[PDB]
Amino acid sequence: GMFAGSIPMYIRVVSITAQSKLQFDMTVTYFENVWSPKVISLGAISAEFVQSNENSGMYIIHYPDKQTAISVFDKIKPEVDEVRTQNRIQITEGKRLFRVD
């Protein structure tokens, strides 16, 4: 937010494909208002959602380190499993090798 804080050295990217455009839209609203605040409260630095097509996108979460990422994921795995029931989810994650700006 207002502080630079930890350098985000670990990133998790969730690709999310919903069953329709309107279901996708509702999911994004849910990820903005409930999910992203929750993971930030648990240690995430930031979360962004990028739209790929009408019913799918990428949810990108930045973490200070792998350990924080693991911590959060462990805490929310039951909610993730529920998300997988309605959606096609693929999670890809790892360490930041470089950032240029």
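Note that residue numbering follows the sequence shown and begins at 1.
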Note to self: I need to verify one thing: averaged over C-alpha atoms only, is the B-factor higher for 91-99 or for 1-9?
What the structure shows: 1-9
Next item on the list: Within this chain's modelled residues, let me know which third the CA B factor of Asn33 belongs to: lowest, middle or highest.
Entry: lowest
Notebook entry, point to check: Based on the entry's values, in what third of the chain does the Cα temperature factor of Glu82 lie: lowest, middle or highest?
Noted result: highest
Next item on the list: Could you tell me which third, lowest, middle or highest, the C-alpha B-factor of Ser71 occupies within its chain?
Entry: lowest
